[PDB]
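Quick notes on the structure that follows.
Each ligand, and each atom within it, is numbered from 1 in the order the structure gives. Chain identifiers are assigned alphabetically (A, B, ...) following the order of the sequence lines, protein sequences preceding nucleic acid strands; residue numbering begins at 1 within each chain.
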There are 2 protein chains.
Amino acid sequence: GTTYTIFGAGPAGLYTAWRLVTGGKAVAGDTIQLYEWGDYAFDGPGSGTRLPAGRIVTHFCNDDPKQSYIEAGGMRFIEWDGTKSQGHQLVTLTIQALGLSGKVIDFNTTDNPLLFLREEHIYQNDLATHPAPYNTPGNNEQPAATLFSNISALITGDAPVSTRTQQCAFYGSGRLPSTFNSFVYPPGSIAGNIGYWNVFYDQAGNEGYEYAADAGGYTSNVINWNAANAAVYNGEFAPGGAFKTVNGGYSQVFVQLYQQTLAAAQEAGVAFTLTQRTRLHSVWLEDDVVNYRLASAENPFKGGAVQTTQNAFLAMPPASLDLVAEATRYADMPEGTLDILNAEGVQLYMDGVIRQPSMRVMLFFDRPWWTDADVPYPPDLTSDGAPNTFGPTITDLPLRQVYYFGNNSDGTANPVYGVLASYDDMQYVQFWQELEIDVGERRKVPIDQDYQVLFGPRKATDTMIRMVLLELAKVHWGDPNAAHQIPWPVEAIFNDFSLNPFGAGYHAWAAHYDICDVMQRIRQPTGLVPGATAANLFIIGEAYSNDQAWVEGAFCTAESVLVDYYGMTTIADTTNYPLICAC
Amino acid sequence: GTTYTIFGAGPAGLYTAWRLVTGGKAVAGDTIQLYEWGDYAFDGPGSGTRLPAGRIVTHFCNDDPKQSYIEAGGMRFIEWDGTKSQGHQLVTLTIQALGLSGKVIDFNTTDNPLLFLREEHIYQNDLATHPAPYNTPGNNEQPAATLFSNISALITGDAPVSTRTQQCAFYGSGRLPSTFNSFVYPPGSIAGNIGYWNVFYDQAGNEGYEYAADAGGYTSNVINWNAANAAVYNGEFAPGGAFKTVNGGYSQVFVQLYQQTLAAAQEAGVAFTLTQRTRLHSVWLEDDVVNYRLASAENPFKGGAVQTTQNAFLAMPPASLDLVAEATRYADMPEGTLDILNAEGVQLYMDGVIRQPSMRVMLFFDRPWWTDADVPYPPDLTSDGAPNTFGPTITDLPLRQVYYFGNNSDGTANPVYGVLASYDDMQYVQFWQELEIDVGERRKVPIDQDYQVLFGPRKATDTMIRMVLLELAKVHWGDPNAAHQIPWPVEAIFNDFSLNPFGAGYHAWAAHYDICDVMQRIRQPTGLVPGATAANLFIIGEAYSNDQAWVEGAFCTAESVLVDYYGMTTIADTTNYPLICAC
Ligand SMILES: Cc1cc2nc3c(=O)[nH]c(=O)nc-3n(C[C@H](O)[C@H](O)[C@H](O)COP(=O)(O)OP(=O)(O)OC[C@H]3O[C@@H](n4cnc5c(N)ncnc54)[C@H](O)[C@@H]3O)c2cc1C
Ligand SMILES: Cc1cc2nc3c(=O)[nH]c(=O)nc-3n(C[C@H](O)[C@H](O)[C@H](O)COP(=O)(O)OP(=O)(O)OC[C@H]3O[C@@H](n4cnc5c(N)ncnc54)[C@H](O)[C@@H]3O)c2cc1C
Ligand SMILES: NC(=[NH2+])NCCC[C@H](N)C(=O)O
Ligand SMILES: NC(=[NH2+])NCCC[C@H](N)C(=O)O
């Protein structure tokens, strides 16, 4: 029979295993072996150190599955709308196929976010009468979204950028219009070769860019990524749709993928195993044969015996690929082998994305203190005639965004009220990292070897809690001394996604890349080595997807490999929804 | 005889060889072997791709040694004042010993810098007339230096912090005073376990931090480094002295170290060899024996046969040590060996610094356009009662500082006028990197394999030049359309110090480290490994020094190793000048 070897039991790896079994590619006598560096709880409470999987982690207060939770990784999705050909199609189909559609609930955000900008408090609806304190004439009396839409329209001109296929085409063929007005960028410049921040800065000035970066919504990405993709993902015609979440947490999607793959595998006579605390150490090819070594979590740098497979999936992000590639980069390899991950074209294409570091502080309170009548600037979470919302509040601080989940339990547990504090971007990674160690302690673990998110949300230090309460005091009172009015959290924990093996909260397509060509060709990296024998060794996950902010992208790259390289029938309707861009 | 093997012919490795020969440690029949990954011009025109050495690189316009030049790397030093015991002692002594004292000139800075902040132009002298556009009451009417001094005084309290010994002592034992007023940090907290930006932000708010980060002078440093060291190095009582530079370029120091070491070695009967385009690939120990492999610059990841030495100096920065450690981290090492750089204590102490990325754009003009009478906001490089100066101009843009070197040529008939544009910090690395590739082209070199500074300053793309002229037009005219008035540069080149093998412009001691213990013990890393046989393998350079901004720190750590481990008599007077901190 046939063995399918999957390295990484994140969303992409779990989805792959589930499709091979339920789609009937893996038949009685076949083997699917899943290897995961971490030790996730797939088999209920006590079966792991955190819920699955990868950068999705539902965190229950007190690790009590009946309690309020905060998503310490990915938190929401966009429901597929087949009439609009918009939304997370594979996520929506997968939730339905797993029997979880009944648990889908609205994720409501406020129409009127509090903006805390240069020590001013402005509810976004008041910008016409209380201009934002940025020297950007016109723009400062409008929500940042208006400036986003205006900058996108200066880049896309009259190009069609409304459909997913049109957006994909703009990545490769999109040019600045004949009317582009710039000292720096000529009309007709290839937009894929331009940095988004570079051109936003050119067109709107430092104050226009800073306002957009500080006051913009969660889903508008202002890093210096590919301007062609950024323009179509931040513009008037950006993909949208209704935000939803899975009541009880996103992590149950990954528990169910595992459990239902195992039950379907038993019915089909397929051998499906998950081996945790076991990482891919090194990988290489001998013609079509994938050679690999594993390492234990206890001793992650030391390989075991050389193993072979004909089918290998690297279901892991760039920083994770880098650690594997480092194990052969400097090695004297056996005669007639191909050190595939270190081939020039593979390395070049792996650099087709840039990295955004992220840190999430999760705090549970015994009361929703932000709703008290005497809070000077409460978050605008519940308008009359509309539903309740989770915020956010949006700031120019290190603590750039706050969500207020409150009591999201079934209400049977002792009520606690959750807050999510978001820290992001290269600017701030060194700011938050020193809060991760107690003020009475020296560092003990080399930073590159602290696999904190892999293990689970880490207890917040007293310094970390006090910093979050100081920033929330400035946001909601405008007085740092008001931190004394905030009750001390009953639990506070963090996830620092900049740490290995994740190395990033988010990936974004880089300037100076043909995105469609990287999306197409990086999946089977032998294709990037002239004269190499084809091997069924694949790279999958959200990082090289067309949906980088989302589990959808991890599913879509995985689906595209099953379709293109295993001839499987897609579960999606791709007529208006290319899983990845075609060139 | 005795063989001394030095990996890295930057300032530290060159200084080490020079002292071994001229100090009479290496005697007739001994050998000194220097290996350098790069190919620096030690032997005049035609002998390399750039002037020596490491992160010091004088760049002459059009490669004409009689033209104007800009320091594309380190640019100035503080002359030693033996009376006050203030300044860069080893740099001053070395320049004198090499016969270069006659080339030392003042490096003067304006006392009235032009500030370009949130689209406002303010000469620093006018901040009482026109406060800085930051909502930081009082602070915004005074130079940023006053706020830096005030924060330092809140951290240091009554502790003496004027001497090197007392500053060193504050790193390890310095506590916040009993009067420290903070929600986040208790009185008496260990300052070395606090991030400087974290506590600056706590005490001065985001608008006080931003004003200090944006308007602070040349040497001011707001990154989140060790608060004990930052408080004493940003304080009113920061290390001072008169700023100087070497007319004709700092690179001649390193040319002369090499040439004079070779001459002295030939006279002494010491065999002194510099082997360029040849890197240390991997290193390890067998008892006291240093085992290593070398790699060619052509094939930098493939080691040759195993070599040995009894005396080995790793004269290279953290990012360079990291690349050597990667070559053995994942390897199955020979029986009875110690993989020294991957030992837990060594890895921990290597993380005792954080990295600051830097990019320098060097632009030569055919006339000093910034002095033209119709320029709205010229730099104040003249003053009625002061000598002329190099600037800077200080901004809140990606282009954070500008220096104006003008005509420093030595005998050309057509002099050019030079400008240095500084981009720094984790915030902006991704902003500047996409300007490094032509807007018509895709990226062709994997980013971690683009050894740009090692080869030499790279031609600025037309996009990079137009970006810099746009920012200079905003600064000096307050109109981005004025970029058309700036003459196109004669030559424009850049150095991106974030790239391998440097991986940083600057290193800074990290919070949550005992600085003195790292400074002392990282130099001979076997001392960090319980049970290890002692070996003469050393780590030297500016990164783990007490003078991290400076060539002085490379010389000091090198000197400290020759004194402590080779029993050499120091050339310094250490009475009031510890080479490194004592614990
Ligand atoms: C702060 C944050 C918020 C997010 N919010 C959302 C959101 O609201 N909605 C949403 O849909 N998405 C969200 N995402 C994105 C979502 O988390 C990712 O798209 C998704 O987790 C990607 O899945 P993946 O399988 O590609 O990678 P990962 O989740 O990174 O999983 C990779 C797996 O590979 C493992 N691995 C790595 N190296 C090895 C090795 N050598 N051998 C074996 N295993 C290894 C890892 O331990 C991990 O389990 C968010 C992400 C972050 C960081
Ligand atoms: C923007 C900037 C401005 C500065 N301004 C000043 C200033 O004004 N004055 C001042 O005094 N200092 C200044 N400095 C600092 C100065 O450049 C450094 O202190 C100094 O260069 C450090 O010397 P080093 O020998 O420790 O390291 P480096 O200069 O980094 O040299 C290390 C050497 O090791 C080599 N190497 C690396 N890996 C290997 C390998 N595996 N095998 C062999 N060789 C290898 C490198 O190629 C390099 O030649 C500045 C630095 C920067 C980036
Ligand atoms: N389509 C986008 N670019 N979305 C931006 C990121 C949203 C993010 N995944 C979240 O937590 O909701
Ligand atoms: N990280 C920094 N702020 N570095 C700048 C320090 C001073 C710098 N070496 C000089 O040329 O004078």
- What does the list of residues with a heavy atom under 4.0 Å from ligand 2 look like, ordered by chain and number? B/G8, B/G10, B/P11, B/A12, B/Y35, B/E36, B/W37, B/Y40, B/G54, B/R55, B/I56, B/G73, B/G74, B/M75, B/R76, B/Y250, B/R279, B/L280, B/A315, B/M316, B/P317, B/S320, B/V324, B/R360, B/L454, B/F497, B/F502, B/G505, B/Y506, B/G541, B/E542, B/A549, B/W550, B/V551, B/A554

- Task: Taking side-chain contact (heavy atoms from CB on, under 4.5 Å) as the test, write out the residues that go with B/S422, two or more places apart.
- Result: B/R360, B/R400, B/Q401, B/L420, B/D424

- Item | Criterion ring-ring contact (aromatic ring centres under 6.0 Å, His included) against B/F313, the qualifying member of B/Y35, B/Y15, B/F538 | B/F538

- Message: In terms of relative ring orientation, are A/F405 and A/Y403 parallel, tilted or perpendicular, with 30° and 60° separating the classes?
- Response: parallel

- Message: B/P501 and side-chain contact (heavy atoms from CB on, under 4.5 Å): which single residue from B/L454, B/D322, B/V324 fits?
- Response: B/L454

- Evaluate the side-chain proximity of B/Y292 to B/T5: yes if any heavy-atom separation is below 4.5 Å, no if none is. yes

- Can you name the nearest heavy-atom pair linking B/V453 to B/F502, along with the distance? CG1-CE1, 3.8 Å

- Message: Do the side chains of A/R55 and A/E542 get close enough for a salt bridge, i.e. N-O under 4.0 angstrom?
- Response: yes

Pairs under 3.5 angstrom, nitrogen or oxygen on both sides, ligand 4 versus protein: list them out, please.
unit_1: ligand 4; atom_1: 1 (N); unit_2: B/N221; atom_2: ND2; d: 3.3
unit_1: ligand 4; atom_1: 1 (N); unit_2: B/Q356; atom_2: OE1; d: 2.7
unit_1: ligand 4; atom_1: 3 (N); unit_2: B/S220; atom_2: O; d: 3.2
unit_1: ligand 4; atom_1: 9 (N); unit_2: B/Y506; atom_2: OH; d: 2.9
unit_1: ligand 4; atom_1: 9 (N); unit_2: B/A549; atom_2: O; d: 2.8
unit_1: ligand 4; atom_1: 11 (O); unit_2: B/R76; atom_2: NE; d: 3.1
unit_1: ligand 4; atom_1: 12 (O); unit_2: B/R76; atom_2: NE; d: 2.3
unit_1: ligand 4; atom_1: 12 (O); unit_2: B/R76; atom_2: NH2; d: 2.6

- Message: What I want to check is whether the side chains of B/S498 and B/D496 have a donor and an acceptor closer together than 3.5 Å.
- Response: yes

Side-chain donor-acceptor pairs under 3.5 Å in residues 224-233 of chain A, sequence neighbours left out?
unit_1: A/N224; atom_1: OD1; unit_2: A/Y196; atom_2: N; d: 3.2
unit_1: A/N224; atom_1: OD1; unit_2: A/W197; atom_2: N; d: 3.0
unit_1: A/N224; atom_1: OD1; unit_2: A/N198; atom_2: N; d: 3.0
unit_1: A/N224; atom_1: ND2; unit_2: A/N198; atom_2: OD1; d: 3.0
unit_1: A/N224; atom_1: ND2; unit_2: B/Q430; atom_2: O; d: 2.9
unit_1: A/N224; atom_1: ND2; unit_2: B/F431; atom_2: O; d: 3.3
unit_1: A/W225; atom_1: NE1; unit_2: A/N221; atom_2: O; d: 3.0
unit_1: A/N226; atom_1: OD1; unit_2: A/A228; atom_2: N; d: 3.0
unit_1: A/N226; atom_1: OD1; unit_2: A/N229; atom_2: N; d: 3.1
unit_1: A/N226; atom_1: ND2; unit_2: A/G192; atom_2: O; d: 3.2
unit_1: A/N226; atom_1: ND2; unit_2: A/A510; atom_2: O; d: 3.1
unit_1: A/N229; atom_1: OD1; unit_2: A/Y171; atom_2: OH; d: 3.3
unit_1: A/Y233; atom_1: OH; unit_2: A/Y171; atom_2: OH; d: 3.1
unit_1: A/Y233; atom_1: OH; unit_2: A/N546; atom_2: O; d: 2.7
unit_1: A/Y233; atom_1: OH; unit_2: A/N546; atom_2: OD1; d: 3.1
unit_1: A/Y233; atom_1: OH; unit_2: A/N546; atom_2: ND2; d: 3.3

